[PDB]
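Okay, structure first, notes after.
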Amino acid sequence: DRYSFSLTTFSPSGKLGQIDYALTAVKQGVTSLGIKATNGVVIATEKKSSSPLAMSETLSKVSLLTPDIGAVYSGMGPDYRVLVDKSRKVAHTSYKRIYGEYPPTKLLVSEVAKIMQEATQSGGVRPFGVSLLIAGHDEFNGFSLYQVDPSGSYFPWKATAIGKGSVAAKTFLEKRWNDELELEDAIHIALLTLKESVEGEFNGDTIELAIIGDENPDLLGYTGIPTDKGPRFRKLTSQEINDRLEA
Amino acid sequence: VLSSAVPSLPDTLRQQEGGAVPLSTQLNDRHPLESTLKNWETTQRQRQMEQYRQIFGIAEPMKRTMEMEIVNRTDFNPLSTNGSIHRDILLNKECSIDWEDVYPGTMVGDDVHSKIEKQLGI
Amino acid sequence: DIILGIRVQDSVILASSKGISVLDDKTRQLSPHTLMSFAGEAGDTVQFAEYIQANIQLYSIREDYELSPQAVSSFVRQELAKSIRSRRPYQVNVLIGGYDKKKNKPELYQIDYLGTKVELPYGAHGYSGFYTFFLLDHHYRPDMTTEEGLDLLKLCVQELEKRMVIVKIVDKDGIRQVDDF
Amino acid sequence: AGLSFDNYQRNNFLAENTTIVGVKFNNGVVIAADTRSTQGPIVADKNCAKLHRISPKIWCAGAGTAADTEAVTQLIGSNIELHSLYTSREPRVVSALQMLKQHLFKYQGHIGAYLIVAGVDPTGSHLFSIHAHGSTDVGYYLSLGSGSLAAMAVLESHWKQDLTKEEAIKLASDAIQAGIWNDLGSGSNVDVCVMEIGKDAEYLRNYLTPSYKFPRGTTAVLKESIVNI
Amino acid sequence: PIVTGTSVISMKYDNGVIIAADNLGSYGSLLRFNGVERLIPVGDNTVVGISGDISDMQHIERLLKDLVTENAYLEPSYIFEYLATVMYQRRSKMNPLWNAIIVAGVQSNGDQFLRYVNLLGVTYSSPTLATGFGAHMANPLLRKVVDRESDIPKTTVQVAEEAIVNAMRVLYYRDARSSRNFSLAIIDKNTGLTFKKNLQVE
Amino acid sequence: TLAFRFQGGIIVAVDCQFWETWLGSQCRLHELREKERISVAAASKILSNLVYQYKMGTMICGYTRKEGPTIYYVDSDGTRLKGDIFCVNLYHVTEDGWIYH
Amino acid sequence: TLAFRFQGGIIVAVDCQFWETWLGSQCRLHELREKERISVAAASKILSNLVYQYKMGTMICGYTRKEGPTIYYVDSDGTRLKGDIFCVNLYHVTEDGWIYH
Amino acid sequence: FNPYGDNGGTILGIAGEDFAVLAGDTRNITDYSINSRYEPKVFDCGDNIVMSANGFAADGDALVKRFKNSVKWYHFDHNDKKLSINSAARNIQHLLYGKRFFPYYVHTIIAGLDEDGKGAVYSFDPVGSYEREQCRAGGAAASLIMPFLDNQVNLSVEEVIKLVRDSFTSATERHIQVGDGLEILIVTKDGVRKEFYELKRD
Amino acid sequence: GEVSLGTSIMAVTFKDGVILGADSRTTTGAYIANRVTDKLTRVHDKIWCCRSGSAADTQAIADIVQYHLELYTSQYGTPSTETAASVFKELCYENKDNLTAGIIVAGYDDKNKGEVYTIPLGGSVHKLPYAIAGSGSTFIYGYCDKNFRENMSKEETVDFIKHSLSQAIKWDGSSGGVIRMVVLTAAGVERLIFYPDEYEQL
Amino acid sequence: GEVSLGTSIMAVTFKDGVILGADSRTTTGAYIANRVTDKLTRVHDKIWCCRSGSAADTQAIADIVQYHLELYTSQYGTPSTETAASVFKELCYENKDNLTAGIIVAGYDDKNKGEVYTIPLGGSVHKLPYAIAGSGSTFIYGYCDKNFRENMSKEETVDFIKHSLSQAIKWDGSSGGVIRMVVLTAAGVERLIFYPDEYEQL
Amino acid sequence: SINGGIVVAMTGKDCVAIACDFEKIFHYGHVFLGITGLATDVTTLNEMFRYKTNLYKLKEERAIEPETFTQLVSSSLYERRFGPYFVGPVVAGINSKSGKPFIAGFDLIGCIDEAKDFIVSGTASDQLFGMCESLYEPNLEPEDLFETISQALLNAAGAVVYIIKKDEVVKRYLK
């Protein structure tokens with residue numbers, strides 16, 4: 001019992017078995033997309049619930065890792081929930097408590113990918129069955145949008161979609177993206193693209209949208225010391241989304 | 001690691017510690033807080049298990065320790081000293097920080113094969 | 001327990017003072033073109049010197065290359081500091097003298113018991129560290145040659161024994177023993 | 001891992017050879033402190049910020065070994081932030097007190113952090129003081145630092161039940177002024193923070209604030225050089 | 001020291017000086033003797049307030065009583081210099097009197113007097129003086145009334161008396177070695193030495 | 001006690017008990033694993049490295065096919081030094097072993 | 001600082017303040033009572049007996065009709081010793097007094 | 001028992017070409033608590049002599065007290081003749097030196113005019129040793145004062161008083177024991193003049 | 001520099017319950033850090049603890065006991081006062097070499113009605129009809145014995161505790177302030193507070 | 001190895017005299033060297049002393065006081081209790097650095113009737129209506145205050161002292177044995193002894 | 001001995017000046033660090049910060065800014081809180097983006113003394129605190145800044161002075 005044989009191994013074709021199966025779980029998962037605008041980033045997804053009696057407020061798929069970074073997933077929620085808890089913890093141990101500031105998006109994505117990768121060679125744990133669209137803002141790199149897969153490979157994307165409607169949505173984002181997009185325009189595009197992918201009812205309750213954009217001092221919780229400015233990640237309320245839809 | 005040539009001496013070279021200068025008998029003058037702080041987490045965990053044994057019976061500590069051993073022994077990553085993600089959940093340290101996490105802390109004996117042998121006691 | 005070091009224009013001159021009577025104390029050959037001389041506590045200082053010799057020798061065998069004196073000096077400094085971490089400091093003083101074949105220039109380094117490294121034209125420790133600087137500083141020059149250096153060392157040693165050594169030279173020809181102090 | 005004791009013996013061998021006050025009022029709590037930092041008798045750095053932020057509505061101010069107070073306070077701030085994110089709730093002041101005191105008790109007081117923790121939570125306002133050994137107490141008003149005795153006199157003399165927001169700020173500021181004048185360790189300006197149950201915390205930095213140009217070329221230069229980044 | 005009196009506080013106002021002290025002699029942590037008077041009038045124009053070792057205080061008291069006796073065959077400064085010499089000399093003899101003394105009084109010319117002297121012979125004057133624990137609690141409070149010499153003429157008897165009494169209440173609340181009973185002496189150039197006994201802190 | 005080296009061999013004239021007794025145990029193991037008698041330099045080196053780890057003015061003498069006659073003194077502090085002459089019942093040491101004189 | 005004796009006299013090149021100042025007082029009294037300058041041996045002896053009673057590397061030099069050129073060093077512990085050569089702005093000492101060079 | 005205390009503060013003496021200056025702060029201190037804000041740390045002993053003993057106040061006040069008594073005795077014995085600065089210096093040395101094995105912990109300075117009229121300043125080691133110096137400072141913030149002056153001096157009695165003001169103003173800025181008031185005594189053939197200036201209160 | 005709990009605490013069983021009383025003053029040396037402290041700590045709804053000795057070790061132990069009892073409560077229902085004392089002993093005793101803890105445990109249970117357990121610094125457990133601890137308890141040992149009676153009513157016990165702690169407060173200055181009392185009875189937990197104006201004159 | 005007086009002593013003024021009471025047990029460590037000691041020492045016919053602290057210094061002082069009072073008596077008649085206390089203070093205070101003496105003085109005189117003077121280890125003198133000292137007195141401070149009344153009769157005072165010292169004996173083992181009491185009154189000196197069987201059950 | 005050198009840092013107008021009395025002033029990109037104390041600790045810290053900053057540059061593809069480096073040094077120093085490094089470091093540099101001159105000074109265990117005027121460390125600092133304050137003014141020119149920093153260092157006490165511009169650094173030696 002000193003050891004445990006690896007769950008993930010190469011097939012005769014050179015492909016990793018569990019990795020490809022994990023990607024399939026993401027593919028069968030609910031759709032989620034992100035769009036990188038000139039002055040912000042948008043991450044959106046739609047909530048499928050077991051019964052209407054479920055409280056939609058508790059079905060938070062988009063989550064905050066740092067005040068300037070946010071993530072959304074498609075696949076197994078429990079794996080994403082565990083990853084976010086570790087991602088937030090890692091953002092404090094590795095970077096903040098050492099450098100006194102929150103890590104940039106690329107570094108945080110790399111450390112999340114490292115967590116997902118170490119599960120790809122282990123005798124006890126299967127690879128995480130989720131792909132995370134991590135959106136954030138950095139003082140130097142600016143706005144960014146990353147997609148990290150179960151294999152631990154993360155790629156920066158101008159606009160991307162994952163899940164059941166990935167191919168249909170990604171092609172739709174292909175025809176409706178440009179370097180001159182405004183955050184308000186991106187939200188309109190994101191809501192559109194999500195409308196074709198969503199099966200059934202489409203409103204602000206079945207949809208949650210978060211944006212990385214201008215600061216929100218009202219969300220900081222305190223005043224004074226202007227060098228410490230608010231957060232950038234904002235999760236639009238169901239009220240705001242409904243107003244956007246009618247427009 | 002004891003010397004292969006003589007199984008009664010520390011292997012001064014393979015045990016990279018700054019020569020044989022840090023001899024065994026001299027690691028006795030210690031900071032008063034070193035011993036207590038080094039194994040503080042262990043004492044709390046064992047004390048916690050004792051209370052479970054007293055109240056919930058021997059079954060609960062057996063289930064807790066068996067799960068941890070399953071996680072620890074099935075996790076071998078010679079390229080990372082970070083604790084396993086599932087280890088934090090069982091220890092209930094998934095939303096806590098400590099100096100041991102912030103400060104986790106050679107050409108000869110830091111290779112992967114050294115940990116493979118120690119992991120399997122080969 | 002006196003150790004001396006002089007960095008002449010093409011070599012480094014290391015000198016050392018010698019119940020049990022014999023007819024190479026306080027020195028170790030780390031490399032063909034590097035020599036290490038140490039002084040301090042008996043016992044605690046030789047194991048460190050032996051350990052350093054093994055590591056440097058291990059590197060030479062592994063790479064089949066001659067580690068530069070500057071790299072060797074740095075390695076000693078880290079190991080000495082790393083040694084003191086978990087114990088009470090011990091009186092040790094190391095002189096690393098070597099010829100850098102890549103740069104074709106001699107080099108001499110001084111390492112104190114606390115693990116601080118100095119590149120020196122000349123250096124000393126022990127009873128030689130109280131007056132001998134008064135002589136070397138007045139007479140030492142950069143372009144001094146080997147044969148001149150041993151006159152200075154023979155001169156210097158003479159003052160040492162008035163108020164009161166085996167000599168080795170490191171050059172492009174390698175370590176060399178000398179009877180002419 | 002953690003603090004290492006890597007050079008305790010070596011350092012032993014080598015050796016061988018402020019005012020802070022908290023005032024709880026009717027609808028919140030007020031924390032104030034001076035801004036003088038001293039490296040011994042010297043005033044190392046004036047205009048210093050001593051009011052740390054554990055969370056948006058939980059603020060901390062400490063004395064004793066400065067680094068220890070900063071180290072633990074930041075560490076607890078991360079745990080509060082992580083715990084709040086984990087539980088999706090506004091953090092409680094009692095939460096910070098438990099981990100803060102448990103952490104200090106773990107180090108047997110070697111971490112010399114004496115702190116005053118004030119904040120507002122969904123259950124109301126709170127005000128606690130913490131010692132290096134982990135012992136804590138709760139009071140309507142508190143004082144800390146070398147000028148604590150002078151500040152406490154003002155607090156005891158003037159403090160009363162259900163103080164107003166304006167009165168508490170004046171009382172806390174006046175108490176700090178007493179320490180500034182009468183204690184050497186305290187001086188410079190006054191930093192005031194006001195935390196209220198139904199409002200965002202107001203950090204009133206600098207709330208109260210009580211030629212030799214040599215001709216160019218005077219200093220001789222041996223040589224000059226340009227460094228490249 | 002074994003039996004100690006905790007604190008004395010005083011302040012000079014426009015027309016005189018006020019000095020107060022609590023009537024307690026503490027035996028370590030025990031509030032044993034709650035009847036110890038520690039203000040010593042030395043005439044119609046001065047009072048000596050003493051803290052520290054009560055046994056040494058009673059030795060000071062007789063010297064003051066001898067001082068009136070030997071002279072009668074005094075000024076506040078007159079009395080202080082006698083005490084300061086004794087306190088200094090006892091220090092020089094390596095046999096100190098474990099006391100801190102405030103001499104409060106009004107000179108025959110109307111000049112107000114407040115001088116402090118301790119076991120070490122260290123002496124200083126101030127608009128407000130306090131000993132021991134009162135140096136950190138009352139002195140900041142009293143200084144707010146008279147921060148400088150210019151404030152002395154601007155402070156009346158009532159204001160000075162109110163500040164002194166208020167300082168005692170704060171002093172009593174936070175001083176463990178204090179008592180609710182205290183004595184207060186007012187020396188005025190016009191009305192002379194007024195001496196109030198066993199006042200209650202409330 | 002004293003001992004010296006000469007062309008014909010070595011002359012010896014006149015806690016510590018066990019360490020020498022225990023060392024006799026290790027040399028037996030070395031004499032077995034390598035099937036050849038442990039050299040004096042090794043034996044002194046083993047003893048030197050031990051007294052150091054457990055900070056006993058022990059001495060070592062021997063005569064080996066390759067090493068020849070050698071004398072090594074081990075100070076109680078771990079100092080190891082070779083010696084032609086050592087001074088601090090006569091014995092004579094040859095390749096066949098010691099002889100009691 | 002140093003000083004030495006030679007045929008032509010003495011050469012000198014480069015709490016304690018008072019003791020030397022006070023000693024200058026005693027020599028004045030001795031210069032008066034006996035009406036003749038105090039000898040170096042006496043002056044050094046007086047100083048030696050004092051530093052001893054009150055346990056200051058003072059030195060003494062002089063030139064006298066009978067004593068001639070002599071140098072005496074007085075250690076802080078009371079050790080008094082004569083010296084031809086002493087070593088630890090030039091002055092020259094003659095019978096007429098010192099000369100500032 | 002510890003017979004020696006501390007009071008902090010700083011003193012400064014400058015020997016002008018003709019005039020002499022002695023300056024010091026007025027603040028009296030004990031372990032971070034301000035005993036008083038105005039205690040005269042510099043004294044005038046007459047005969048164009050100004051004296052100041054920094055450090056332990058009880059040692060300093062005694063030394064000046066005995067020195068002043070010696071001056072009076074000197075007047076009686078020498079037909080009330082003026083006491084020269086050099087004569088006073090050696091007199092103080094004997095006073096300081098008279099307690100070697102139990103010495104004053106005071107770095108005292110006396111300033112005045114030597115016989116010819118030039119400025120004179122003598123600084124005394126606690127065990128008595130003294131040396132004539134052009135300028136000298138002693139106390140807590142002495143190290144912060146001398147370097148600044150040396151830049152600007154190494155000058156009348158109105159432009160040095162500027163530098164001393166700035167020098168003490170700089171010291172009070174970065175040093176906590178430096179006082180909240182500056183005393184300056186000016187010695188000239190005209191006589192002795194006292195000037196006071198205010199400093200930071202905290 | 002550890003904070004020791006200067007206390008005057010008392011627990012008294014009576015006819016149909018138990019009463020736990022304590023002062024409100026905590027002192028660091030002669031200074032009163034806080035005068036409104038709540039020394040009555042709740043380890044369970046009907047079990048209340050009071051601490052003596054070091055304030056850090058006891059506070060840590062009290063949290064663990066509450067944790068263990070809450071763990072026990074979820075499994076075997078509300079614990080007894082005897083069980084809580086047993087928990088305290090394990091922590092207090094096995095850590096006696098490192099933790100300086102002295103405890104008084106008073107609780108109510110249906111099986112045993114009111115009970116009081118006192119745990120001196122040694123770690124021993126003694127069940128008593130009534131218990132007194134703290135620095136101020138040394139001054140009422142002879143008063144509680146003379147006046148205590150078995151099966152007293154609530155009014156008598158409240159008056160008995162008031163008189164007992166008034167004297168301990170009077171003589172011990174480490175103890176004082178408001179007398180906070182907890183009445184544990186089948187009816188439920190009841191809190192009482194008595195200010196100095198209510199008990200001093202008794 | 002000096003013998004310290006482990007005592008539980010008490011003096012109480014009453015209507016027409018004063019009563020001095022003490023235990024009879026003297027202990028060296030845990031051992032009882034003697035259990036029938038007479039701790040009530042006579043310095044004069046109507047003045048009786050009781051000793052606390054070192055048994056050697058106090059015994060020497062008591063002999064001197066009796067010598068001085070006998071010297072005084074032969075000249076100015078029978079002394080007062082105040083005079084005897086004054087004699088004790090001179091010896092106790094001026095020798096406080098060498099003698100460790102604590103005294104209680106109770107006497108009767110026509111001018112002042114009964115009086116009690118207590119002299120703690122510090123050497124101070126305090127006149128009180130009643131006084132308690134010794135190791136066992138710490139346990140009855142809160143009982144004597146609650147029960148003591150002014151101008152009590154002999155029976156009440158005797159009962160009051162019996163109850164007070166019974167508790168001190170009960171809680172303090174350094175004090176015990178027979179309760180010997182001296183009643184000083186104009187009628188004359190009266191001796192009383194109470195055995196343990198007479199007061200323990202109270 | 002080479003231990004106990006004095007280092008001083010001053011803030012000017014769009015420029016900073018750091019000077020010291022083997023070199024005790026080291027730079028990691030555009031941020032300069034001066035360390036005073038034990039020479040062994042000075043050598044060790046440089047290697048540690050070179051190790052940390054080099055990884056920071058590689059991982060982030062960006063040079064470490066002085067503000068970020070200030071926290072890194074403080075966190076590193078607090079590690080070994082028991083048995084710290086016998087060193088007082090000083091950091092001086094200019095933020096690449098904002099261009100605001102920045103200086104800071106630390107104790108043994110990393111207490112950030114982010115003074116806006118000047119920073120000193122090492123032996124004989126007590127003399128240099130007052131001299132800097134007497135001479136220092138706000139918003140000095142780079143040439144005027146050199147005179148003030150050099151005069152304070154020389155008179156307080158060879159010596160070396162670094163004048164740090166945005167894209168230019170000047171290294172000077174003094175008599």
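By order in the structure tokens, chains are A, B, ...; within a chain, residues start at 1; ligands start at 1, following the order shown.
For residue 125 (chain D), the residues within 10 Å (counting only C-alpha atoms, excluding itself and residues fewer than 6 positions away along the chain) are residues 24, 25, 26, 27, 28, 29, 57, 58, 92, 93, 118, 119, 195, 196 and 197 of chain D.
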I need the residues from that last selection saved to file as a PDB file, in the first residue's frame (with N, CA and C atoms), if you can.
ATOM      1  N   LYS D  24     -17.044  52.869  21.982  1.00  0.00           N
ATOM      2  CA  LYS D  24     -18.301  52.355  21.460  1.00  0.00           C
ATOM      3  C   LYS D  24     -19.419  53.338  21.774  1.00  0.00           C
ATOM      4  N   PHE D  25     -20.165  53.729  20.749  1.00  0.00           N
ATOM      5  CA  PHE D  25     -21.277  54.655  20.899  1.00  0.00           C
ATOM      6  C   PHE D  25     -22.574  53.960  20.481  1.00  0.00           C
ATOM      7  N   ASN D  26     -23.655  54.740  20.417  1.00  0.00           N
ATOM      8  CA  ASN D  26     -24.992  54.158  20.342  1.00  0.00           C
ATOM      9  C   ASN D  26     -25.163  53.299  19.095  1.00  0.00           C
ATOM     10  N   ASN D  27     -24.726  53.802  17.940  1.00  0.00           N
ATOM     11  CA  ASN D  27     -24.971  53.143  16.661  1.00  0.00           C
ATOM     12  C   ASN D  27     -23.688  52.659  15.998  1.00  0.00           C
ATOM     13  N   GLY D  28     -22.628  52.436  16.768  1.00  0.00           N
ATOM     14  CA  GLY D  28     -21.390  51.957  16.186  1.00  0.00           C
ATOM     15  C   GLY D  28     -20.250  52.044  17.179  1.00  0.00           C
ATOM     16  N   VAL D  29     -19.035  52.038  16.637  1.00  0.00           N
ATOM     17  CA  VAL D  29     -17.814  52.083  17.431  1.00  0.00           C
ATOM     18  C   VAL D  29     -16.790  52.933  16.696  1.00  0.00           C
ATOM     19  N   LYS D  57     -15.454  46.483   7.514  1.00  0.00           N
ATOM     20  CA  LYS D  57     -16.096  47.030   8.704  1.00  0.00           C
ATOM     21  C   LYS D  57     -15.491  46.482   9.991  1.00  0.00           C
ATOM     22  N   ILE D  58     -14.287  45.920   9.917  1.00  0.00           N
ATOM     23  CA  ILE D  58     -13.543  45.470  11.088  1.00  0.00           C
ATOM     24  C   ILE D  58     -12.140  46.041  10.962  1.00  0.00           C
ATOM     25  N   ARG D  92     -17.969  38.250  11.100  1.00  0.00           N
ATOM     26  CA  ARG D  92     -18.253  38.674  12.461  1.00  0.00           C
ATOM     27  C   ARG D  92     -16.973  39.123  13.150  1.00  0.00           C
ATOM     28  N   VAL D  93     -17.121  40.058  14.089  1.00  0.00           N
ATOM     29  CA  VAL D  93     -15.973  40.496  14.877  1.00  0.00           C
ATOM     30  C   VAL D  93     -15.512  39.380  15.803  1.00  0.00           C
ATOM     31  N   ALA D 118     -12.036  46.608  16.660  1.00  0.00           N
ATOM     32  CA  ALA D 118     -13.354  47.220  16.659  1.00  0.00           C
ATOM     33  C   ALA D 118     -13.991  47.024  15.294  1.00  0.00           C
ATOM     34  N   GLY D 119     -15.292  46.784  15.287  1.00  0.00           N
ATOM     35  CA  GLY D 119     -16.000  46.590  14.038  1.00  0.00           C
ATOM     36  C   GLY D 119     -17.476  46.404  14.292  1.00  0.00           C
ATOM     37  N   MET D 195     -16.946  53.266  12.468  1.00  0.00           N
ATOM     38  CA  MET D 195     -17.686  52.135  11.927  1.00  0.00           C
ATOM     39  C   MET D 195     -19.097  52.166  12.496  1.00  0.00           C
ATOM     40  N   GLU D 196     -20.090  52.165  11.613  1.00  0.00           N
ATOM     41  CA  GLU D 196     -21.489  52.216  12.003  1.00  0.00           C
ATOM     42  C   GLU D 196     -22.231  51.016  11.431  1.00  0.00           C
ATOM     43  N   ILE D 197     -23.314  50.638  12.109  1.00  0.00           N
ATOM     44  CA  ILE D 197     -24.015  49.403  11.772  1.00  0.00           C
ATOM     45  C   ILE D 197     -24.575  49.474  10.356  1.00  0.00           C
TER      46      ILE D 197
END
Tell me which protein, DNA and RNA residues are within 10 Å of region 87-91 of chain J, counting only C-alpha atoms, leaving out same-chain ones fewer than 4 positions away, and put them as a ChimeraX atom specification. /E:55,58-59 /J:49,58,60-62,64-66,68-69,82-83,95-96,99,101-105,119,122-125
For the helix (DSSP H, G or I) assignment from backbone DSSP, which residues of chain F qualify? Please present them as a ChimeraX atom specification. /F:16-33,40-53
Could you please take those selected residues and save N, CA and C atoms as a compact mmCIF listing (two decimals), in the first residue's frame?
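Below is the file that was written, selection-v9.txt:
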# COMPACT_ATOMS: atom_id res chain seq x y z
N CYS F 16 36.06 4.79 27.35
CA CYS F 16 37.05 4.35 26.37
C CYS F 16 37.02 2.85 26.16
N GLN F 17 36.71 2.08 27.21
CA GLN F 17 36.73 0.63 27.10
C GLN F 17 35.76 0.14 26.02
N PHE F 18 34.50 0.57 26.09
CA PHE F 18 33.50 0.06 25.17
C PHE F 18 33.79 0.54 23.75
N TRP F 19 34.01 1.85 23.59
CA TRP F 19 34.23 2.41 22.26
C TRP F 19 35.30 1.64 21.52
N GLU F 20 36.39 1.30 22.21
CA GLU F 20 37.39 0.42 21.63
C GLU F 20 36.82 -0.99 21.45
N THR F 21 36.05 -1.47 22.43
CA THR F 21 35.40 -2.77 22.30
C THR F 21 34.38 -2.76 21.16
N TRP F 22 33.57 -1.70 21.09
CA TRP F 22 32.59 -1.59 20.01
C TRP F 22 33.28 -1.44 18.67
N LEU F 23 34.36 -0.66 18.62
CA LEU F 23 35.09 -0.51 17.37
C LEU F 23 35.61 -1.85 16.89
N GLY F 24 36.06 -2.70 17.83
CA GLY F 24 36.43 -4.05 17.46
C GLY F 24 35.30 -4.81 16.81
N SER F 25 34.05 -4.44 17.13
CA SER F 25 32.91 -5.07 16.48
C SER F 25 32.77 -4.60 15.04
N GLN F 26 32.91 -3.29 14.80
CA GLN F 26 32.75 -2.77 13.45
C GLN F 26 33.83 -3.30 12.52
N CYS F 27 35.08 -3.33 12.98
CA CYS F 27 36.16 -3.84 12.14
C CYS F 27 35.91 -5.30 11.77
N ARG F 28 35.30 -6.07 12.67
CA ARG F 28 34.92 -7.43 12.33
C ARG F 28 33.94 -7.44 11.16
N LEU F 29 32.92 -6.58 11.21
CA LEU F 29 31.98 -6.50 10.10
C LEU F 29 32.68 -6.06 8.82
N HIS F 30 33.54 -5.04 8.90
CA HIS F 30 34.28 -4.61 7.73
C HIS F 30 35.23 -5.70 7.25
N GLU F 31 35.90 -6.38 8.18
CA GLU F 31 36.76 -7.50 7.80
C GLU F 31 35.97 -8.59 7.10
N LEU F 32 34.66 -8.64 7.30
CA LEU F 32 33.80 -9.66 6.71
C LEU F 32 33.23 -9.22 5.37
N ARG F 33 32.59 -8.05 5.33
CA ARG F 33 31.95 -7.59 4.10
C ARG F 33 32.96 -7.45 2.98
N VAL F 40 44.45 1.14 8.73
CA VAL F 40 44.58 2.03 9.89
C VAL F 40 43.93 3.37 9.61
N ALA F 41 44.18 3.93 8.42
CA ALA F 41 43.60 5.23 8.08
C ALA F 41 42.08 5.19 8.19
N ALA F 42 41.46 4.13 7.67
CA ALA F 42 40.02 3.98 7.82
C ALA F 42 39.63 3.86 9.29
N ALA F 43 40.27 2.95 10.02
CA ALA F 43 39.90 2.71 11.41
C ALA F 43 40.01 3.99 12.23
N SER F 44 41.10 4.74 12.05
CA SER F 44 41.22 6.02 12.73
C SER F 44 40.14 6.99 12.26
N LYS F 45 39.86 7.00 10.95
CA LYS F 45 38.85 7.90 10.42
C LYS F 45 37.47 7.58 11.00
N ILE F 46 37.12 6.30 11.09
CA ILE F 46 35.84 5.92 11.69
C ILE F 46 35.77 6.44 13.13
N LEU F 47 36.82 6.19 13.91
CA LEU F 47 36.83 6.62 15.30
C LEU F 47 36.77 8.14 15.39
N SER F 48 37.50 8.84 14.52
CA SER F 48 37.51 10.30 14.56
C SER F 48 36.12 10.87 14.31
N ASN F 49 35.41 10.33 13.31
CA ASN F 49 34.09 10.84 12.98
C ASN F 49 33.07 10.58 14.08
N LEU F 50 33.33 9.63 14.97
CA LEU F 50 32.39 9.26 16.02
C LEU F 50 32.57 10.11 17.27
N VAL F 51 33.79 10.15 17.80
CA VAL F 51 34.06 11.01 18.95
C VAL F 51 33.64 12.44 18.65
N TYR F 52 33.67 12.83 17.38
CA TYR F 52 33.17 14.15 17.00
C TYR F 52 31.67 14.25 17.20
N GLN F 53 30.92 13.25 16.72
CA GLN F 53 29.47 13.30 16.82
C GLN F 53 28.98 13.19 18.26
Please produce, as a tab-separated table, a per-residue contact table for chain C versus chain K (criterion: any atom at most 7 Å away, only C-alpha atoms considered), showing the nearest atom pair and its distance in Å to one decimal, sorted by chain then residue number.
residue	atom	partner	partner_atom	distance
C:114	CA	K:40	CA	6.5
C:115	CA	K:40	CA	5.5
C:116	CA	K:40	CA	4.3
Checklist entry - What gap, in Å, lies between CA of residue 80 (chain B) and CA of residue 49 (chain K)? => result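 Those two atoms sit 21.8 Å apart.
Omitting residue 87 (chain E) and its sequence neighbours fewer than 5 positions away, and counting only C-alpha atoms, the residues within 12 Å are residues 56, 57, 59, 60, 63, 80, 81, 82, 92, 93, 94, 95, 96, 97, 98, 99, 100, 101, 116, 117, 118, 119, 120, 121, 122 and 123 of chain E; 3 and 58 of chain H.
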Original post:
What lies within 8 Å of residue 114 (chain D) using only C-alpha atoms, ignoring chain neighbours under 5 positions off, as a PyMOL selection string?
Top reply: chain D and resi 62-64+69+129-132
